[PDB]
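Here's target_21.cif, which has mmCIF, N, CA and C atoms:
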```
data_input
#
loop_
_atom_site.label_atom_id
_atom_site.label_comp_id
_atom_site.auth_asym_id
_atom_site.auth_seq_id
_atom_site.Cartn_x
_atom_site.Cartn_y
_atom_site.Cartn_z
N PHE A 1 -14.80 71.57 -32.87
CA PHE A 1 -13.46 72.10 -32.61
C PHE A 1 -12.58 71.16 -31.78
N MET A 2 -13.16 70.48 -30.78
CA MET A 2 -12.44 69.41 -30.10
C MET A 2 -12.31 68.27 -31.11
N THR A 3 -12.59 68.61 -32.37
CA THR A 3 -12.50 67.72 -33.52
C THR A 3 -11.46 68.24 -34.53
N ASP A 4 -11.07 69.50 -34.36
CA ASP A 4 -10.15 70.21 -35.25
C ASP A 4 -8.78 70.25 -34.58
N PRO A 5 -7.82 69.43 -35.06
CA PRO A 5 -6.53 69.39 -34.37
C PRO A 5 -5.73 70.69 -34.50
N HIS A 6 -5.76 71.31 -35.67
CA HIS A 6 -4.99 72.54 -35.88
C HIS A 6 -5.44 73.62 -34.90
N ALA A 7 -6.71 73.56 -34.51
CA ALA A 7 -7.28 74.52 -33.57
C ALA A 7 -6.85 74.26 -32.13
N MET A 8 -6.83 73.00 -31.72
CA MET A 8 -6.39 72.63 -30.37
C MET A 8 -4.93 73.08 -30.12
N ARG A 9 -4.08 72.84 -31.11
CA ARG A 9 -2.69 73.22 -31.01
C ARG A 9 -2.60 74.74 -30.89
N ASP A 10 -3.39 75.44 -31.69
CA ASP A 10 -3.47 76.88 -31.56
C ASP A 10 -3.88 77.24 -30.14
N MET A 11 -4.93 76.60 -29.64
CA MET A 11 -5.35 76.90 -28.29
C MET A 11 -4.20 76.63 -27.30
N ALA A 12 -3.46 75.54 -27.54
CA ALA A 12 -2.32 75.21 -26.71
C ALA A 12 -1.32 76.36 -26.69
N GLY A 13 -1.11 76.95 -27.86
CA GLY A 13 -0.17 78.03 -28.00
C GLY A 13 -0.61 79.16 -27.09
N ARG A 14 -1.90 79.46 -27.12
CA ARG A 14 -2.42 80.55 -26.32
C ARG A 14 -2.13 80.32 -24.83
N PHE A 15 -2.42 79.12 -24.34
CA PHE A 15 -2.18 78.82 -22.93
C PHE A 15 -0.71 78.88 -22.59
N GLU A 16 0.14 78.49 -23.53
CA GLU A 16 1.57 78.66 -23.33
C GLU A 16 1.89 80.16 -23.12
N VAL A 17 1.30 81.02 -23.94
CA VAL A 17 1.50 82.45 -23.82
C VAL A 17 1.04 82.94 -22.45
N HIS A 18 -0.15 82.50 -22.04
CA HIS A 18 -0.65 82.80 -20.70
C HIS A 18 0.35 82.36 -19.64
N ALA A 19 0.93 81.17 -19.81
CA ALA A 19 1.88 80.67 -18.84
C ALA A 19 3.13 81.56 -18.78
N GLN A 20 3.63 81.98 -19.94
CA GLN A 20 4.77 82.86 -19.96
C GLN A 20 4.44 84.18 -19.27
N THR A 21 3.19 84.62 -19.44
CA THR A 21 2.80 85.95 -19.00
C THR A 21 2.75 85.92 -17.49
N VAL A 22 2.25 84.82 -16.95
CA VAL A 22 2.17 84.70 -15.51
C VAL A 22 3.54 84.56 -14.88
N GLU A 23 4.40 83.74 -15.47
CA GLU A 23 5.75 83.61 -14.96
C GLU A 23 6.43 84.97 -14.90
N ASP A 24 6.26 85.80 -15.93
CA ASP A 24 6.92 87.11 -15.91
C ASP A 24 6.31 88.03 -14.86
N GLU A 25 5.01 87.90 -14.65
CA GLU A 25 4.37 88.71 -13.64
C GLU A 25 4.80 88.24 -12.26
N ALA A 26 4.87 86.93 -12.06
CA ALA A 26 5.35 86.41 -10.78
C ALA A 26 6.77 86.91 -10.50
N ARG A 27 7.63 86.88 -11.51
CA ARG A 27 9.00 87.32 -11.28
C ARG A 27 9.10 88.83 -10.94
N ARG A 28 8.24 89.66 -11.54
CA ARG A 28 8.23 91.08 -11.21
C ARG A 28 7.71 91.30 -9.80
N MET A 29 6.76 90.48 -9.40
CA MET A 29 6.17 90.61 -8.07
C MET A 29 7.12 90.14 -6.97
N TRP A 30 7.86 89.09 -7.27
CA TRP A 30 8.91 88.67 -6.38
C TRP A 30 9.79 89.87 -6.07
N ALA A 31 10.38 90.46 -7.12
CA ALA A 31 11.30 91.59 -6.94
C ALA A 31 10.68 92.70 -6.09
N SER A 32 9.47 93.08 -6.44
CA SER A 32 8.74 94.09 -5.69
C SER A 32 8.53 93.71 -4.22
N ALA A 33 8.20 92.45 -3.96
CA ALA A 33 8.06 91.99 -2.59
C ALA A 33 9.38 92.20 -1.84
N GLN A 34 10.48 91.77 -2.46
CA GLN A 34 11.77 91.92 -1.84
C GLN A 34 12.02 93.39 -1.62
N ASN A 35 11.64 94.21 -2.60
CA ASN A 35 11.74 95.67 -2.50
C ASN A 35 13.18 96.20 -2.38
N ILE A 36 13.89 96.24 -3.50
CA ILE A 36 15.29 96.65 -3.52
C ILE A 36 15.63 97.54 -4.73
N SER A 37 16.75 98.25 -4.65
CA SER A 37 17.18 99.18 -5.70
C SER A 37 18.12 98.53 -6.73
N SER A 38 20.44 101.75 1.74
CA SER A 38 20.17 100.48 2.42
C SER A 38 18.71 100.36 2.83
N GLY A 39 18.02 99.37 2.27
CA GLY A 39 16.64 99.10 2.62
C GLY A 39 16.50 97.80 3.38
N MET A 40 16.18 97.90 4.67
CA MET A 40 16.05 96.72 5.53
C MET A 40 14.67 96.08 5.38
N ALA A 41 14.45 94.97 6.07
CA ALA A 41 13.22 94.19 5.91
C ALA A 41 11.97 94.84 6.50
N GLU A 42 11.56 95.97 5.92
CA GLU A 42 10.26 96.56 6.22
C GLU A 42 9.33 96.18 5.09
N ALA A 43 9.90 95.49 4.11
CA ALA A 43 9.18 95.04 2.92
C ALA A 43 8.17 93.93 3.23
N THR A 44 7.82 93.15 2.21
CA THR A 44 6.76 92.15 2.31
C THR A 44 7.16 90.91 3.14
N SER A 45 6.22 90.39 3.93
CA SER A 45 6.48 89.30 4.88
C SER A 45 6.87 87.96 4.25
N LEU A 46 7.51 87.12 5.06
CA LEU A 46 8.05 85.85 4.59
C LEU A 46 6.96 84.83 4.32
N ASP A 47 5.88 84.88 5.10
CA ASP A 47 4.81 83.91 4.93
C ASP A 47 3.88 84.27 3.77
N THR A 48 3.67 85.56 3.53
CA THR A 48 2.82 85.96 2.42
C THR A 48 3.52 85.60 1.11
N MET A 49 4.81 85.90 1.03
CA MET A 49 5.60 85.54 -0.15
C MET A 49 5.45 84.07 -0.51
N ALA A 50 5.53 83.20 0.49
CA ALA A 50 5.41 81.76 0.28
C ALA A 50 4.04 81.38 -0.28
N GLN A 51 2.99 81.98 0.27
CA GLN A 51 1.66 81.81 -0.28
C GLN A 51 1.62 82.20 -1.77
N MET A 52 2.18 83.37 -2.07
CA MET A 52 2.23 83.89 -3.42
C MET A 52 3.00 82.97 -4.34
N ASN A 53 4.20 82.59 -3.92
CA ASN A 53 5.03 81.74 -4.74
C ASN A 53 4.28 80.46 -5.06
N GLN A 54 3.55 79.96 -4.07
CA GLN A 54 2.76 78.76 -4.27
C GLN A 54 1.58 78.99 -5.22
N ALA A 55 0.88 80.10 -5.04
CA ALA A 55 -0.27 80.38 -5.90
C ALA A 55 0.21 80.51 -7.34
N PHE A 56 1.29 81.26 -7.53
CA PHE A 56 1.86 81.43 -8.86
C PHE A 56 2.25 80.10 -9.48
N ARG A 57 2.94 79.26 -8.71
CA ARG A 57 3.35 77.96 -9.22
C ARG A 57 2.14 77.08 -9.60
N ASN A 58 1.10 77.09 -8.78
CA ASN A 58 -0.12 76.38 -9.15
C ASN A 58 -0.68 76.83 -10.49
N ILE A 59 -0.89 78.14 -10.63
CA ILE A 59 -1.41 78.73 -11.86
C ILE A 59 -0.60 78.30 -13.09
N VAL A 60 0.73 78.40 -12.99
CA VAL A 60 1.60 77.99 -14.08
C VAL A 60 1.48 76.49 -14.41
N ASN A 61 1.45 75.63 -13.40
CA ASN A 61 1.22 74.22 -13.67
C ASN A 61 -0.12 73.95 -14.35
N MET A 62 -1.20 74.50 -13.80
CA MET A 62 -2.50 74.36 -14.44
C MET A 62 -2.46 74.83 -15.90
N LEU A 63 -1.87 75.99 -16.13
CA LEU A 63 -1.75 76.49 -17.49
C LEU A 63 -0.91 75.53 -18.34
N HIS A 64 0.20 75.03 -17.80
CA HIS A 64 1.00 74.07 -18.55
C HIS A 64 0.17 72.84 -18.84
N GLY A 65 -0.70 72.49 -17.88
CA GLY A 65 -1.46 71.26 -17.96
C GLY A 65 -2.48 71.30 -19.08
N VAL A 66 -3.14 72.44 -19.24
CA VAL A 66 -4.10 72.61 -20.31
C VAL A 66 -3.39 72.55 -21.67
N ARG A 67 -2.26 73.23 -21.79
CA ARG A 67 -1.42 73.16 -22.98
C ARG A 67 -1.10 71.69 -23.34
N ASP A 68 -0.51 70.99 -22.39
CA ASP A 68 -0.12 69.61 -22.60
C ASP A 68 -1.30 68.76 -23.10
N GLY A 69 -2.47 68.95 -22.48
CA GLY A 69 -3.63 68.12 -22.76
C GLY A 69 -4.21 68.36 -24.14
N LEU A 70 -4.26 69.62 -24.53
CA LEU A 70 -4.65 69.98 -25.88
C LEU A 70 -3.68 69.37 -26.91
N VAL A 71 -2.38 69.50 -26.66
CA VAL A 71 -1.38 68.95 -27.58
C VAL A 71 -1.53 67.42 -27.72
N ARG A 72 -1.78 66.76 -26.60
CA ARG A 72 -1.98 65.33 -26.57
C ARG A 72 -3.28 64.96 -27.31
N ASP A 73 -4.31 65.79 -27.17
CA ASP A 73 -5.59 65.54 -27.83
C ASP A 73 -5.47 65.61 -29.35
N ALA A 74 -4.80 66.66 -29.83
CA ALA A 74 -4.48 66.79 -31.25
C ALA A 74 -3.73 65.56 -31.73
N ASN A 75 -2.65 65.23 -31.03
CA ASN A 75 -1.86 64.07 -31.42
C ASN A 75 -2.77 62.86 -31.48
N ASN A 76 -3.65 62.73 -30.50
CA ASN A 76 -4.54 61.58 -30.45
C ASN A 76 -5.54 61.58 -31.61
N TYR A 77 -6.07 62.74 -31.97
CA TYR A 77 -7.01 62.82 -33.08
C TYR A 77 -6.33 62.49 -34.41
N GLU A 78 -5.10 62.94 -34.59
CA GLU A 78 -4.40 62.60 -35.81
C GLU A 78 -4.08 61.11 -35.93
N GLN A 79 -3.51 60.54 -34.86
CA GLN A 79 -3.21 59.12 -34.81
C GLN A 79 -4.45 58.29 -35.18
N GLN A 80 -5.62 58.67 -34.68
CA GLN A 80 -6.83 57.91 -34.99
C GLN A 80 -7.37 58.21 -36.39
N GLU A 81 -7.32 59.47 -36.83
CA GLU A 81 -7.70 59.76 -38.22
C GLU A 81 -6.83 58.93 -39.17
N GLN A 82 -5.51 59.02 -39.02
CA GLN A 82 -4.56 58.21 -39.79
C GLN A 82 -4.81 56.70 -39.73
N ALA A 83 -5.11 56.19 -38.54
CA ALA A 83 -5.35 54.77 -38.38
C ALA A 83 -6.65 54.39 -39.08
N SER A 84 -7.57 55.34 -39.14
CA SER A 84 -8.85 55.07 -39.77
C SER A 84 -8.67 54.93 -41.27
N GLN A 85 -7.98 55.87 -41.90
CA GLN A 85 -7.79 55.78 -43.35
C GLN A 85 -7.05 54.50 -43.75
N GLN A 86 -6.10 54.06 -42.92
CA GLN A 86 -5.37 52.82 -43.17
C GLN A 86 -6.30 51.62 -43.23
N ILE A 87 -7.08 51.44 -42.16
CA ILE A 87 -8.05 50.34 -42.09
C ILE A 87 -8.93 50.28 -43.34
N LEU A 88 -9.03 51.41 -44.04
CA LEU A 88 -9.89 51.49 -45.21
C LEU A 88 -9.08 51.59 -46.50
N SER A 89 -7.90 50.96 -46.50
CA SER A 89 -7.04 50.94 -47.68
C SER A 89 -7.79 50.43 -48.90
N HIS B 1 5.71 102.28 -4.43
CA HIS B 1 6.11 100.88 -4.30
C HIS B 1 5.00 99.97 -3.75
N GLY B 2 4.30 100.43 -2.73
CA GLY B 2 3.03 99.83 -2.40
C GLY B 2 2.11 100.12 -3.58
N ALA B 3 2.42 101.19 -4.32
CA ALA B 3 1.68 101.53 -5.55
C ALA B 3 2.02 100.59 -6.70
N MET B 4 3.29 100.20 -6.79
CA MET B 4 3.69 99.27 -7.82
C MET B 4 3.00 97.95 -7.61
N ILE B 5 2.98 97.52 -6.35
CA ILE B 5 2.42 96.22 -6.02
C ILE B 5 0.91 96.17 -6.27
N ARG B 6 0.24 97.30 -6.14
CA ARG B 6 -1.18 97.31 -6.38
C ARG B 6 -1.41 97.30 -7.89
N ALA B 7 -0.54 98.00 -8.61
CA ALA B 7 -0.68 98.07 -10.06
C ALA B 7 -0.42 96.69 -10.67
N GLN B 8 0.58 95.99 -10.15
CA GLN B 8 0.92 94.64 -10.62
C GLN B 8 -0.22 93.67 -10.38
N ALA B 9 -0.82 93.75 -9.20
CA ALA B 9 -1.99 92.94 -8.85
C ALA B 9 -3.19 93.25 -9.75
N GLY B 10 -3.34 94.52 -10.12
CA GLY B 10 -4.39 94.88 -11.05
C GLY B 10 -4.08 94.24 -12.39
N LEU B 11 -2.82 94.30 -12.79
CA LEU B 11 -2.48 93.69 -14.06
C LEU B 11 -2.65 92.16 -14.00
N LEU B 12 -2.33 91.56 -12.86
CA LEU B 12 -2.46 90.11 -12.73
C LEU B 12 -3.90 89.69 -12.95
N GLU B 13 -4.83 90.44 -12.37
CA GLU B 13 -6.25 90.13 -12.50
C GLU B 13 -6.78 90.31 -13.95
N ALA B 14 -6.24 91.28 -14.68
CA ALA B 14 -6.59 91.38 -16.10
C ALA B 14 -6.14 90.09 -16.79
N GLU B 15 -4.96 89.62 -16.43
CA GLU B 15 -4.47 88.40 -17.05
C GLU B 15 -5.34 87.18 -16.71
N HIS B 16 -5.77 87.10 -15.46
CA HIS B 16 -6.70 86.08 -15.01
C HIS B 16 -7.99 86.13 -15.83
N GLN B 17 -8.49 87.33 -16.05
CA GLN B 17 -9.71 87.48 -16.83
C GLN B 17 -9.45 87.08 -18.27
N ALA B 18 -8.28 87.44 -18.78
CA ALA B 18 -7.89 87.02 -20.12
C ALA B 18 -7.90 85.48 -20.21
N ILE B 19 -7.36 84.83 -19.20
CA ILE B 19 -7.36 83.37 -19.19
C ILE B 19 -8.77 82.78 -19.18
N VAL B 20 -9.65 83.31 -18.36
CA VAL B 20 -11.03 82.83 -18.35
C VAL B 20 -11.68 82.89 -19.73
N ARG B 21 -11.41 83.95 -20.48
CA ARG B 21 -11.95 84.07 -21.83
C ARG B 21 -11.47 82.89 -22.67
N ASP B 22 -10.20 82.55 -22.57
CA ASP B 22 -9.69 81.45 -23.38
C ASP B 22 -10.27 80.09 -22.98
N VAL B 23 -10.40 79.87 -21.68
CA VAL B 23 -10.97 78.65 -21.14
C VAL B 23 -12.39 78.48 -21.68
N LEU B 24 -13.20 79.53 -21.56
CA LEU B 24 -14.56 79.51 -22.09
C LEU B 24 -14.55 79.20 -23.57
N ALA B 25 -13.63 79.84 -24.29
CA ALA B 25 -13.51 79.62 -25.72
C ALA B 25 -13.12 78.17 -26.01
N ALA B 26 -12.48 77.51 -25.06
CA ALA B 26 -12.08 76.11 -25.25
C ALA B 26 -13.11 75.10 -24.73
N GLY B 27 -14.39 75.34 -24.98
CA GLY B 27 -15.44 74.46 -24.48
C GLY B 27 -15.22 72.99 -24.79
N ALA B 28 -17.79 69.24 -16.57
CA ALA B 28 -17.22 69.18 -15.23
C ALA B 28 -15.88 69.92 -15.14
N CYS B 29 -15.69 70.87 -16.07
CA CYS B 29 -14.48 71.69 -16.12
C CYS B 29 -14.67 73.03 -15.40
N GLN B 30 -15.75 73.15 -14.64
CA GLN B 30 -15.98 74.36 -13.86
C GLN B 30 -15.05 74.39 -12.65
N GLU B 31 -14.42 73.26 -12.37
CA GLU B 31 -13.46 73.20 -11.27
C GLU B 31 -12.13 73.84 -11.67
N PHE B 32 -11.78 73.73 -12.94
CA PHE B 32 -10.58 74.37 -13.40
C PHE B 32 -10.69 75.87 -13.09
N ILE B 33 -11.82 76.45 -13.49
CA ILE B 33 -12.11 77.86 -13.27
C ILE B 33 -12.10 78.24 -11.79
N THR B 34 -12.67 77.37 -10.96
CA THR B 34 -12.72 77.65 -9.53
C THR B 34 -11.33 77.62 -8.90
N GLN B 35 -10.54 76.61 -9.24
CA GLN B 35 -9.21 76.49 -8.67
C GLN B 35 -8.31 77.61 -9.17
N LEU B 36 -8.40 77.88 -10.46
CA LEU B 36 -7.72 79.01 -11.05
C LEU B 36 -8.04 80.24 -10.21
N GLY B 37 -9.34 80.50 -10.05
CA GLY B 37 -9.81 81.63 -9.27
C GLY B 37 -9.17 81.72 -7.90
N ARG B 38 -9.18 80.61 -7.16
CA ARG B 38 -8.68 80.59 -5.79
C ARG B 38 -7.28 81.13 -5.71
N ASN B 39 -6.42 80.66 -6.61
CA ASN B 39 -5.01 81.03 -6.57
C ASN B 39 -4.77 82.49 -6.90
N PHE B 40 -5.44 82.99 -7.93
CA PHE B 40 -5.37 84.41 -8.21
C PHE B 40 -5.89 85.17 -7.01
N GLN B 41 -7.02 84.75 -6.45
CA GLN B 41 -7.57 85.46 -5.31
C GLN B 41 -6.57 85.52 -4.16
N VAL B 42 -5.85 84.42 -3.92
CA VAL B 42 -4.83 84.43 -2.89
C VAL B 42 -3.76 85.47 -3.20
N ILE B 43 -3.34 85.55 -4.45
CA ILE B 43 -2.30 86.51 -4.79
C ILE B 43 -2.85 87.91 -4.57
N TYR B 44 -4.04 88.17 -5.10
CA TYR B 44 -4.68 89.47 -5.01
C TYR B 44 -4.83 89.88 -3.55
N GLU B 45 -5.26 88.95 -2.70
CA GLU B 45 -5.46 89.24 -1.28
C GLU B 45 -4.19 89.80 -0.66
N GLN B 46 -3.09 89.07 -0.81
CA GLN B 46 -1.84 89.41 -0.14
C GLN B 46 -1.20 90.71 -0.62
N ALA B 47 -1.79 91.32 -1.63
CA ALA B 47 -1.22 92.53 -2.22
C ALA B 47 -2.22 93.68 -2.22
N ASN B 48 -3.48 93.35 -1.97
CA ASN B 48 -4.53 94.35 -1.81
C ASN B 48 -4.71 95.24 -3.04
#
```
Before we go any further, please render this structure as structure tokens.
Amino acid sequence: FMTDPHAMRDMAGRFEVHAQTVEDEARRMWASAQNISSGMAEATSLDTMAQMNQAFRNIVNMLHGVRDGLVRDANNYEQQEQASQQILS
Amino acid sequence: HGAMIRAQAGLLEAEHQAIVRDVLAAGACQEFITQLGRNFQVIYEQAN
């Protein structure tokens, strides 16, 4: 399968979906932390939010990273498959 | 609202578990899983 390019790209798609899903969850959690519809700052703390924002951003980058790498791997497998058939004209 | 935040965190962890399934399906990459874990755990912690 790390030999099947159509599959890697598919896998990339999945991780992209995961990335979208996390971004949307992070955005809903942001709103909830802020806690709004007069509501004063009895809501979620400033330092915890920063931890969260950071954790979310890490997760999204890692997810983007796996996507990117799979896409690059597919591209790399095709480039070499193609180069191989040429050498054997 | 503290209820919403707990429900969201529960949903976040389902998503984390969903991700682990895909990672496994995409067979020294045990660090990806560990780091992934850490960050979700941090989010989960701060929301209980």
Practice task
Would you kindly translate the PyMOL selection byres ((chain B) within 7 of (chain A)) into the concrete residues it picks from this file, as a list in words?
Solution key: residues 5, 19, 27, 36, 39, 40, 42, 43 and 46 of chain B
Could you dump the residues just selected with N, CA and C atoms as a PDB file, keeping the file's coordinate frame?
```
ATOM      1  N   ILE B   5       2.980  97.520  -6.350  1.00  0.00           N
ATOM      2  CA  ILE B   5       2.420  96.220  -6.020  1.00  0.00           C
ATOM      3  C   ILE B   5       0.910  96.170  -6.270  1.00  0.00           C
ATOM      4  N   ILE B  19      -7.360  84.830 -19.200  1.00  0.00           N
ATOM      5  CA  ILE B  19      -7.360  83.370 -19.190  1.00  0.00           C
ATOM      6  C   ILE B  19      -8.770  82.780 -19.180  1.00  0.00           C
ATOM      7  N   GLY B  27     -14.390  75.340 -24.980  1.00  0.00           N
ATOM      8  CA  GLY B  27     -15.440  74.460 -24.480  1.00  0.00           C
ATOM      9  C   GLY B  27     -15.220  72.990 -24.790  1.00  0.00           C
ATOM     10  N   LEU B  36      -8.400  77.880 -10.460  1.00  0.00           N
ATOM     11  CA  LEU B  36      -7.720  79.010 -11.050  1.00  0.00           C
ATOM     12  C   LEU B  36      -8.040  80.240 -10.210  1.00  0.00           C
ATOM     13  N   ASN B  39      -6.420  80.660  -6.610  1.00  0.00           N
ATOM     14  CA  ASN B  39      -5.010  81.030  -6.570  1.00  0.00           C
ATOM     15  C   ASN B  39      -4.770  82.490  -6.900  1.00  0.00           C
ATOM     16  N   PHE B  40      -5.440  82.990  -7.930  1.00  0.00           N
ATOM     17  CA  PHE B  40      -5.370  84.410  -8.210  1.00  0.00           C
ATOM     18  C   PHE B  40      -5.890  85.170  -7.010  1.00  0.00           C
ATOM     19  N   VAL B  42      -5.850  84.420  -3.920  1.00  0.00           N
ATOM     20  CA  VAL B  42      -4.830  84.430  -2.890  1.00  0.00           C
ATOM     21  C   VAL B  42      -3.760  85.470  -3.200  1.00  0.00           C
ATOM     22  N   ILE B  43      -3.340  85.550  -4.450  1.00  0.00           N
ATOM     23  CA  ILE B  43      -2.300  86.510  -4.790  1.00  0.00           C
ATOM     24  C   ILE B  43      -2.850  87.910  -4.570  1.00  0.00           C
ATOM     25  N   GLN B  46      -3.090  89.070  -0.810  1.00  0.00           N
ATOM     26  CA  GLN B  46      -1.840  89.410  -0.140  1.00  0.00           C
ATOM     27  C   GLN B  46      -1.200  90.710  -0.620  1.00  0.00           C
TER      28      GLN B  46
END
```
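With CA of residue 17 (chain A) on one side and atom C of residue 64 (chain A) on the other, the separation reads 10.9 Å.
Here the PyMOL selection byres ((chain A and resi 5) around 7) matches the residues residues 1, 2, 3, 4, 6, 7, 8, 9, 10, 73, 74, 75, 77 and 78 of chain A.
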Problem - Atomic separation - CA of residue 65 (chain A) relative to CA of residue 16 (chain A), Å - result: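 Rounded to one decimal, the two atoms are 9.6 Å apart.
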Problem - Residues near residue 48 (chain B), cut-off 12 Å, only C-alpha atoms, skip fewer than 4 positions along chain, as JSON, numbers by chain - result: {"A": [48], "B": [2, 3, 4, 5, 6, 7, 8, 9, 10, 12, 13, 40, 41, 42, 43, 44]}
Exercise for the section: Among the residues of region 16-71 of chain A, find those DSSP assigns to alpha helix (DSSP H) from the backbone and print them as an MDAnalysis selection string. Expected result: chainID A and resid 16:34 46:71
Could the residues in this selection be written to a file with N, CA and C atoms, as a compact mmCIF listing (two decimals), in the frame of the given file?
```
# COMPACT_ATOMS: atom_id res chain seq x y z
N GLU A 16 0.14 78.49 -23.53
CA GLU A 16 1.57 78.66 -23.33
C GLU A 16 1.89 80.16 -23.12
N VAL A 17 1.30 81.02 -23.94
CA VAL A 17 1.50 82.45 -23.82
C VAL A 17 1.04 82.94 -22.45
N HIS A 18 -0.15 82.50 -22.04
CA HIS A 18 -0.65 82.80 -20.70
C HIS A 18 0.35 82.36 -19.64
N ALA A 19 0.93 81.17 -19.81
CA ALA A 19 1.88 80.67 -18.84
C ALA A 19 3.13 81.56 -18.78
N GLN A 20 3.63 81.98 -19.94
CA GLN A 20 4.77 82.86 -19.96
C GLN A 20 4.44 84.18 -19.27
N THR A 21 3.19 84.62 -19.44
CA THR A 21 2.80 85.95 -19.00
C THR A 21 2.75 85.92 -17.49
N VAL A 22 2.25 84.82 -16.95
CA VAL A 22 2.17 84.70 -15.51
C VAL A 22 3.54 84.56 -14.88
N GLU A 23 4.40 83.74 -15.47
CA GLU A 23 5.75 83.61 -14.96
C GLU A 23 6.43 84.97 -14.90
N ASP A 24 6.26 85.80 -15.93
CA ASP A 24 6.92 87.11 -15.91
C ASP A 24 6.31 88.03 -14.86
N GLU A 25 5.01 87.90 -14.65
CA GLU A 25 4.37 88.71 -13.64
C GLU A 25 4.80 88.24 -12.26
N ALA A 26 4.87 86.93 -12.06
CA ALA A 26 5.35 86.41 -10.78
C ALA A 26 6.77 86.91 -10.50
N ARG A 27 7.63 86.88 -11.51
CA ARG A 27 9.00 87.32 -11.28
C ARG A 27 9.10 88.83 -10.94
N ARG A 28 8.24 89.66 -11.54
CA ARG A 28 8.23 91.08 -11.21
C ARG A 28 7.71 91.30 -9.80
N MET A 29 6.76 90.48 -9.40
CA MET A 29 6.17 90.61 -8.07
C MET A 29 7.12 90.14 -6.97
N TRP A 30 7.86 89.09 -7.27
CA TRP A 30 8.91 88.67 -6.38
C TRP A 30 9.79 89.87 -6.07
N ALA A 31 10.38 90.46 -7.12
CA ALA A 31 11.30 91.59 -6.94
C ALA A 31 10.68 92.70 -6.09
N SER A 32 9.47 93.08 -6.44
CA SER A 32 8.74 94.09 -5.69
C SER A 32 8.53 93.71 -4.22
N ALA A 33 8.20 92.45 -3.96
CA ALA A 33 8.06 91.99 -2.59
C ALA A 33 9.38 92.20 -1.84
N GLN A 34 10.48 91.77 -2.46
CA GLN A 34 11.77 91.92 -1.84
C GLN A 34 12.02 93.39 -1.62
N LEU A 46 7.51 87.12 5.06
CA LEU A 46 8.05 85.85 4.59
C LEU A 46 6.96 84.83 4.32
N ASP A 47 5.88 84.88 5.10
CA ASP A 47 4.81 83.91 4.93
C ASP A 47 3.88 84.27 3.77
N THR A 48 3.67 85.56 3.53
CA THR A 48 2.82 85.96 2.42
C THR A 48 3.52 85.60 1.11
N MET A 49 4.81 85.90 1.03
CA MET A 49 5.60 85.54 -0.15
C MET A 49 5.45 84.07 -0.51
N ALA A 50 5.53 83.20 0.49
CA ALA A 50 5.41 81.76 0.28
C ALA A 50 4.04 81.38 -0.28
N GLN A 51 2.99 81.98 0.27
CA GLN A 51 1.66 81.81 -0.28
C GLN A 51 1.62 82.20 -1.77
N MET A 52 2.18 83.37 -2.07
CA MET A 52 2.23 83.89 -3.42
C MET A 52 3.00 82.97 -4.34
N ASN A 53 4.20 82.59 -3.92
CA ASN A 53 5.03 81.74 -4.74
C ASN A 53 4.28 80.46 -5.06
N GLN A 54 3.55 79.96 -4.07
CA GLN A 54 2.76 78.76 -4.27
C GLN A 54 1.58 78.99 -5.22
N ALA A 55 0.88 80.10 -5.04
CA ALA A 55 -0.27 80.38 -5.90
C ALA A 55 0.21 80.51 -7.34
N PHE A 56 1.29 81.26 -7.53
CA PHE A 56 1.86 81.43 -8.86
C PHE A 56 2.25 80.10 -9.48
N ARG A 57 2.94 79.26 -8.71
CA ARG A 57 3.35 77.96 -9.22
C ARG A 57 2.14 77.08 -9.60
N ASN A 58 1.10 77.09 -8.78
CA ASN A 58 -0.12 76.38 -9.15
C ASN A 58 -0.68 76.83 -10.49
N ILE A 59 -0.89 78.14 -10.63
CA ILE A 59 -1.41 78.73 -11.86
C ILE A 59 -0.60 78.30 -13.09
N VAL A 60 0.73 78.40 -12.99
CA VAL A 60 1.60 77.99 -14.08
C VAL A 60 1.48 76.49 -14.41
N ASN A 61 1.45 75.63 -13.40
CA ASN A 61 1.22 74.22 -13.67
C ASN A 61 -0.12 73.95 -14.35
N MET A 62 -1.20 74.50 -13.80
CA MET A 62 -2.50 74.36 -14.44
C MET A 62 -2.46 74.83 -15.90
N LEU A 63 -1.87 75.99 -16.13
CA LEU A 63 -1.75 76.49 -17.49
C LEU A 63 -0.91 75.53 -18.34
N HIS A 64 0.20 75.03 -17.80
CA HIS A 64 1.00 74.07 -18.55
C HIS A 64 0.17 72.84 -18.84
N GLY A 65 -0.70 72.49 -17.88
CA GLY A 65 -1.46 71.26 -17.96
C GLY A 65 -2.48 71.30 -19.08
N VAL A 66 -3.14 72.44 -19.24
CA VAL A 66 -4.10 72.61 -20.31
C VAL A 66 -3.39 72.55 -21.67
N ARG A 67 -2.26 73.23 -21.79
CA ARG A 67 -1.42 73.16 -22.98
C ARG A 67 -1.10 71.69 -23.34
N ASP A 68 -0.51 70.99 -22.39
CA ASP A 68 -0.12 69.61 -22.60
C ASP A 68 -1.30 68.76 -23.10
N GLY A 69 -2.47 68.95 -22.48
CA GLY A 69 -3.63 68.12 -22.76
C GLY A 69 -4.21 68.36 -24.14
N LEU A 70 -4.26 69.62 -24.53
CA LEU A 70 -4.65 69.98 -25.88
C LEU A 70 -3.68 69.37 -26.91
N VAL A 71 -2.38 69.50 -26.66
CA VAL A 71 -1.38 68.95 -27.58
C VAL A 71 -1.53 67.42 -27.72
```
Fill in the blank from the handout: Expressed in Å, the length from atom N of residue 36 (chain A) to CA of residue 38 (chain B) is 27.6 Å
Problem - Counting all atoms listed in the file, the residue of A:47, A:40, A:67, A:31 that sits nearest residue 13 (chain A) - result: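 Between A:47, A:40, A:67, A:31, the residue approaching residue 13 (chain A) most closely is A:67.
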